[PDB]
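**Q** Pasting a structure below so you can have a look.
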Amino acid sequence: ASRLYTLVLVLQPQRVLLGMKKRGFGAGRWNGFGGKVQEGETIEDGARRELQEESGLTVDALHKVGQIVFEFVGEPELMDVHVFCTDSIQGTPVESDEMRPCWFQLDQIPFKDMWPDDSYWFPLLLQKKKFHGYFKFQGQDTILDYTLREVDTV
Ligand SMILES: CNc1cc(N2CCCCC2)nc(N)n1
């Protein structure tokens with residue numbers, strides 16, 4: 001059994017929008033916008049909701065670019081994260097109680113202050129290539145195992 005999550009990356013030709021997580025799961029790291037998919041909504045609806053609630057932004061089209069499964073040692077449910085990117089956004093991003101957004105040049109992504117798995121799969125995102133990944137975590141900082149491949153259907 002897995003639980004569904006979303007991750008939205010606003011990736012423009014020279015910059016990517018990241019948010020500093022202010023509370024909750026993953027606080028203190030930069031990440032895309034997302035969270036749990038709820039009952040009653042599709043995965044992409046959950047992604048648009050979490051984007052609007054964490055950044056104020058709405059989007060015209062969301063594209064599937066990745067899926068990553070996470071196992072945490074001792075936790076029964078795997079996290080099944082559906083990763084989406086978009087180029088065009090509607091509005092300018094604003095802080096929420098959850099996320100502090102900020103633009104980053106593609107040359108200057110703060111991997112040291114992101115989730116560790118990001119160092120592995122973010123490059124395939126910046127290459128506009130579709131990927132499936134799996135990462136096994138012990139705690140929040142230590143990757144024990146991982147697999148990562150490119151796919152044609154995400
Ligand atoms: C565990 N490693 C993770 C987790 C994660 N989120 C995405 C939003 C919803 C929670 C999970 N994002 C990234 N980049 N790495």
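By order in the structure tokens, chains are A, B, ...; within a chain, residues start at 1; ligands start at 1, following the order shown.
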Need the shell around region 40-48 of chain A: protein/DNA/RNA residues with any atom at most 7 Å away, counting only C-alpha atoms. Skip same-chain ones fewer than 2 positions apart. Format as a list in words?
**A** residues 6, 7, 8, 34, 37, 38, 50, 51, 52 and 58 of chain A
**Q** Restrict the selected residues to C-alpha atoms and save them as a tab-separated table (two decimals), in the first residue's frame.
**A**
chain	number	residue	atom	x	y	z
A	6	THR	CA	2.11	15.59	-5.44
A	7	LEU	CA	5.12	17.72	-6.23
A	8	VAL	CA	4.89	20.70	-8.59
A	34	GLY	CA	2.73	19.74	-3.03
A	37	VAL	CA	-3.79	13.98	-2.48
A	38	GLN	CA	-7.21	13.91	-0.82
A	50	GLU	CA	-1.45	22.40	-3.01
A	51	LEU	CA	0.17	24.87	-5.40
A	52	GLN	CA	-2.56	27.49	-4.91
A	58	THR	CA	-2.72	28.87	-10.44
**Q** Ligand 1: which residues are within 8 Å, counting only C-alpha atoms and all ligand atoms, as an mmCIF file with N, CA and C atoms, in the first residue's frame?
**A**
data_model
loop_
_atom_site.group_PDB
_atom_site.id
_atom_site.type_symbol
_atom_site.label_atom_id
_atom_site.label_comp_id
_atom_site.auth_asym_id
_atom_site.auth_seq_id
_atom_site.Cartn_x
_atom_site.Cartn_y
_atom_site.Cartn_z
ATOM 1 N N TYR A 5 0.972 11.451 -3.243
ATOM 2 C CA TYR A 5 1.451 12.796 -2.983
ATOM 3 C C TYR A 5 1.687 13.487 -4.310
ATOM 4 N N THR A 6 1.769 14.816 -4.263
ATOM 5 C CA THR A 6 2.111 15.588 -5.440
ATOM 6 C C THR A 6 3.334 16.436 -5.157
ATOM 7 N N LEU A 7 3.980 16.820 -6.248
ATOM 8 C CA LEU A 7 5.118 17.720 -6.226
ATOM 9 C C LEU A 7 5.033 18.490 -7.529
ATOM 10 N N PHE A 25 6.072 18.413 7.560
ATOM 11 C CA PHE A 25 6.979 17.439 6.965
ATOM 12 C C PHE A 25 7.950 18.106 5.989
ATOM 13 N N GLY A 26 9.250 17.891 6.201
ATOM 14 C CA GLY A 26 10.286 18.524 5.390
ATOM 15 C C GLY A 26 10.568 19.990 5.693
ATOM 16 N N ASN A 31 11.906 22.998 -1.613
ATOM 17 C CA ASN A 31 11.202 21.960 -2.347
ATOM 18 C C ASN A 31 10.248 22.604 -3.329
ATOM 19 N N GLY A 32 9.694 21.777 -4.203
ATOM 20 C CA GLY A 32 8.551 22.187 -4.983
ATOM 21 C C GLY A 32 7.332 22.253 -4.084
ATOM 22 N N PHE A 33 6.197 22.552 -4.686
ATOM 23 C CA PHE A 33 4.960 22.651 -3.930
ATOM 24 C C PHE A 33 4.178 21.354 -4.069
ATOM 25 N N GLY A 34 3.591 20.897 -2.966
ATOM 26 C CA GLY A 34 2.728 19.743 -3.027
ATOM 27 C C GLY A 34 2.389 19.228 -1.632
ATOM 28 N N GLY A 35 1.823 18.045 -1.624
ATOM 29 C CA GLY A 35 1.392 17.435 -0.375
ATOM 30 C C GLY A 35 0.485 16.269 -0.693
ATOM 31 N N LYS A 36 -0.329 15.888 0.294
ATOM 32 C CA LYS A 36 -1.184 14.719 0.157
ATOM 33 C C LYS A 36 -2.303 14.983 -0.835
ATOM 34 N N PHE A 70 8.949 6.491 -2.229
ATOM 35 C CA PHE A 70 9.819 6.564 -1.072
ATOM 36 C C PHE A 70 9.379 5.543 -0.048
ATOM 37 N N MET A 79 5.450 6.266 0.137
ATOM 38 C CA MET A 79 4.978 7.528 -0.420
ATOM 39 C C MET A 79 5.134 7.466 -1.933
ATOM 40 N N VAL A 81 4.932 9.675 -4.909
ATOM 41 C CA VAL A 81 4.927 11.080 -5.298
ATOM 42 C C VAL A 81 4.826 11.199 -6.810
ATOM 43 N N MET A 114 18.030 20.945 0.137
ATOM 44 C CA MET A 114 16.887 20.229 -0.391
ATOM 45 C C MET A 114 16.871 18.794 0.119
ATOM 46 N N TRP A 115 15.801 18.072 -0.213
ATOM 47 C CA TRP A 115 15.795 16.643 0.054
ATOM 48 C C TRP A 115 16.963 15.983 -0.655
ATOM 49 N N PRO A 116 17.639 15.011 -0.019
ATOM 50 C CA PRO A 116 18.818 14.377 -0.643
ATOM 51 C C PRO A 116 18.514 13.723 -1.983
ATOM 52 N N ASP A 117 17.369 13.048 -2.090
ATOM 53 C CA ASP A 117 17.013 12.400 -3.350
ATOM 54 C C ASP A 117 17.007 13.397 -4.507
ATOM 55 N N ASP A 118 16.761 14.684 -4.219
ATOM 56 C CA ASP A 118 16.651 15.670 -5.293
ATOM 57 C C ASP A 118 17.946 15.739 -6.097
ATOM 58 N N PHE A 135 13.497 5.524 -3.632
ATOM 59 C CA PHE A 135 14.513 5.831 -2.644
ATOM 60 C C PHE A 135 14.066 5.274 -1.318
ATOM 61 N N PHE A 137 14.751 5.521 2.607
ATOM 62 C CA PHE A 137 15.305 6.412 3.615
ATOM 63 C C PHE A 137 15.336 5.756 4.988
ATOM 64 N N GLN A 140 15.392 11.020 7.921
ATOM 65 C CA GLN A 140 15.158 12.067 6.932
ATOM 66 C C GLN A 140 16.399 12.441 6.126
#
**Q** Using DSSP assignments from the backbone, pull out every residue in region 13-152 of chain A that falls under strand (DSSP E) and give it to me as a VMD selection string.
**A** chain A and resid 15 to 21 30 to 31 58 to 59 63 to 72 78 to 86 89 to 90 99 to 105 131 to 138 142 to 150
**Q** How would you write, as a list in words, the set of residues in region 6-123 of chain A that DSSP gives as alpha helix (DSSP H)?
**A**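 Selecting the alpha helix (DSSP H) positions of region 6-123 of chain A gives residues 43, 44, 45, 46, 47, 48, 49, 50, 51, 52, 53, 54, 55, 118, 119, 120, 121, 122 and 123 of chain A.
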**Q** Only N, CA, C and O atoms, please: the residues just picked out, written as a PDB file, in the first residue's frame.
**A**
ATOM      1  N   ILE A  43      -5.301  13.275  -8.692  1.00  0.00           N
ATOM      2  CA  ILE A  43      -3.925  13.625  -8.375  1.00  0.00           C
ATOM      3  C   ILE A  43      -3.592  15.013  -8.898  1.00  0.00           C
ATOM      4  O   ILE A  43      -3.023  15.844  -8.178  1.00  0.00           O
ATOM      5  N   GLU A  44      -3.983  15.314 -10.137  1.00  0.00           N
ATOM      6  CA  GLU A  44      -3.626  16.631 -10.648  1.00  0.00           C
ATOM      7  C   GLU A  44      -4.415  17.729  -9.930  1.00  0.00           C
ATOM      8  O   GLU A  44      -3.867  18.803  -9.660  1.00  0.00           O
ATOM      9  N   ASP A  45      -5.679  17.471  -9.581  1.00  0.00           N
ATOM     10  CA  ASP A  45      -6.427  18.413  -8.745  1.00  0.00           C
ATOM     11  C   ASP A  45      -5.716  18.641  -7.423  1.00  0.00           C
ATOM     12  O   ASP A  45      -5.654  19.770  -6.929  1.00  0.00           O
ATOM     13  N   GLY A  46      -5.178  17.574  -6.830  1.00  0.00           N
ATOM     14  CA  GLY A  46      -4.453  17.740  -5.586  1.00  0.00           C
ATOM     15  C   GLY A  46      -3.221  18.594  -5.775  1.00  0.00           C
ATOM     16  O   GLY A  46      -2.881  19.409  -4.914  1.00  0.00           O
ATOM     17  N   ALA A  47      -2.552  18.436  -6.920  1.00  0.00           N
ATOM     18  CA  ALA A  47      -1.385  19.253  -7.211  1.00  0.00           C
ATOM     19  C   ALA A  47      -1.768  20.721  -7.377  1.00  0.00           C
ATOM     20  O   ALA A  47      -1.121  21.600  -6.792  1.00  0.00           O
ATOM     21  N   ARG A  48      -2.854  21.011  -8.113  1.00  0.00           N
ATOM     22  CA  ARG A  48      -3.244  22.412  -8.286  1.00  0.00           C
ATOM     23  C   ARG A  48      -3.650  23.018  -6.956  1.00  0.00           C
ATOM     24  O   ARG A  48      -3.267  24.148  -6.642  1.00  0.00           O
ATOM     25  N   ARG A  49      -4.397  22.264  -6.150  1.00  0.00           N
ATOM     26  CA  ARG A  49      -4.782  22.751  -4.828  1.00  0.00           C
ATOM     27  C   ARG A  49      -3.553  23.075  -3.978  1.00  0.00           C
ATOM     28  O   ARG A  49      -3.439  24.186  -3.435  1.00  0.00           O
ATOM     29  N   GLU A  50      -2.593  22.137  -3.876  1.00  0.00           N
ATOM     30  CA  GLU A  50      -1.446  22.403  -3.009  1.00  0.00           C
ATOM     31  C   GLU A  50      -0.600  23.559  -3.530  1.00  0.00           C
ATOM     32  O   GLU A  50      -0.060  24.347  -2.740  1.00  0.00           O
ATOM     33  N   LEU A  51      -0.544  23.726  -4.850  1.00  0.00           N
ATOM     34  CA  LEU A  51       0.171  24.873  -5.401  1.00  0.00           C
ATOM     35  C   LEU A  51      -0.513  26.183  -5.017  1.00  0.00           C
ATOM     36  O   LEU A  51       0.134  27.120  -4.514  1.00  0.00           O
ATOM     37  N   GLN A  52      -1.830  26.257  -5.215  1.00  0.00           N
ATOM     38  CA  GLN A  52      -2.558  27.485  -4.910  1.00  0.00           C
ATOM     39  C   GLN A  52      -2.481  27.811  -3.422  1.00  0.00           C
ATOM     40  O   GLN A  52      -2.388  28.984  -3.044  1.00  0.00           O
ATOM     41  N   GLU A  53      -2.495  26.783  -2.565  1.00  0.00           N
ATOM     42  CA  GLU A  53      -2.529  27.016  -1.127  1.00  0.00           C
ATOM     43  C   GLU A  53      -1.147  27.338  -0.563  1.00  0.00           C
ATOM     44  O   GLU A  53      -1.047  28.033   0.453  1.00  0.00           O
ATOM     45  N   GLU A  54      -0.074  26.878  -1.212  1.00  0.00           N
ATOM     46  CA  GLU A  54       1.268  27.120  -0.696  1.00  0.00           C
ATOM     47  C   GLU A  54       1.978  28.293  -1.365  1.00  0.00           C
ATOM     48  O   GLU A  54       2.967  28.788  -0.815  1.00  0.00           O
ATOM     49  N   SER A  55       1.520  28.725  -2.540  1.00  0.00           N
ATOM     50  CA  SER A  55       2.175  29.792  -3.280  1.00  0.00           C
ATOM     51  C   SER A  55       1.241  30.865  -3.811  1.00  0.00           C
ATOM     52  O   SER A  55       1.737  31.875  -4.320  1.00  0.00           O
ATOM     53  N   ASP A 118      16.761  14.684  -4.219  1.00  0.00           N
ATOM     54  CA  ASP A 118      16.651  15.670  -5.293  1.00  0.00           C
ATOM     55  C   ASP A 118      17.946  15.739  -6.097  1.00  0.00           C
ATOM     56  O   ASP A 118      17.913  15.763  -7.341  1.00  0.00           O
ATOM     57  N   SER A 119      19.096  15.630  -5.406  1.00  0.00           N
ATOM     58  CA  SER A 119      20.394  15.673  -6.089  1.00  0.00           C
ATOM     59  C   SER A 119      20.489  14.634  -7.200  1.00  0.00           C
ATOM     60  O   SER A 119      21.227  14.830  -8.179  1.00  0.00           O
ATOM     61  N   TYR A 120      19.754  13.526  -7.065  1.00  0.00           N
ATOM     62  CA  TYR A 120      19.749  12.458  -8.056  1.00  0.00           C
ATOM     63  C   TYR A 120      18.707  12.680  -9.148  1.00  0.00           C
ATOM     64  O   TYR A 120      18.982  12.419 -10.321  1.00  0.00           O
ATOM     65  N   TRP A 121      17.490  13.128  -8.824  1.00  0.00           N
ATOM     66  CA  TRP A 121      16.515  13.099  -9.912  1.00  0.00           C
ATOM     67  C   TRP A 121      16.264  14.465 -10.529  1.00  0.00           C
ATOM     68  O   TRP A 121      15.935  14.530 -11.720  1.00  0.00           O
ATOM     69  N   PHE A 122      16.475  15.545  -9.776  1.00  0.00           N
ATOM     70  CA  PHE A 122      16.334  16.895 -10.326  1.00  0.00           C
ATOM     71  C   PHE A 122      17.075  17.091 -11.648  1.00  0.00           C
ATOM     72  O   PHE A 122      16.491  17.709 -12.555  1.00  0.00           O
ATOM     73  N   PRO A 123      18.315  16.598 -11.840  1.00  0.00           N
ATOM     74  CA  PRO A 123      18.954  16.747 -13.165  1.00  0.00           C
ATOM     75  C   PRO A 123      18.109  16.216 -14.306  1.00  0.00           C
ATOM     76  O   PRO A 123      17.984  16.886 -15.339  1.00  0.00           O
TER      77      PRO A 123
END
**Q** Counting only C-alpha atoms, figure out which residue out of A:56, A:133, A:19, A:24 gets nearest to residue 89 (chain A).
**A** A:56
**Q** Of the candidates A:29, A:10, A:64, A:71, which one gets nearest to residue 143 (chain A) if we count only C-alpha atoms?
**A**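 Between A:29, A:10, A:64, A:71, the residue approaching residue 143 (chain A) most closely is A:71.
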**Q** Out of A:65, A:153, A:16, A:142, which residue has the shortest atom-to-atom distance to residue 107 (chain A) when counting only C-alpha atoms?
**A**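 For residue 107 (chain A), the nearest of the given residues is A:16.
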**Q** Skip residue 104 (chain A) itself and residues of its chain fewer than 5 positions away, then list as a list in words all residues within 10 Å of it, counting only C-alpha atoms.
**A**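 Counting only C-alpha atoms, the residues come to residues 11, 14, 15, 16, 17, 18, 109 and 110 of chain A.
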**Q** Please provide the set of residues having any atom within 7 Å of residue 92 (chain A), restricted to only C-alpha atoms, with same-chain residues fewer than 2 positions apart removed, written as a PDB file with C-alpha atoms, in the first residue's frame.
**A**
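Resulting contents of part_1.pdb:
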ATOM      1  CA  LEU A  57      -0.437  30.546  -7.920  1.00  0.00           C
ATOM      2  CA  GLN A  90      -0.882  32.697 -13.298  1.00  0.00           C
ATOM      3  CA  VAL A  94       3.500  34.867  -2.367  1.00  0.00           C
TER       4      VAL A  94
END
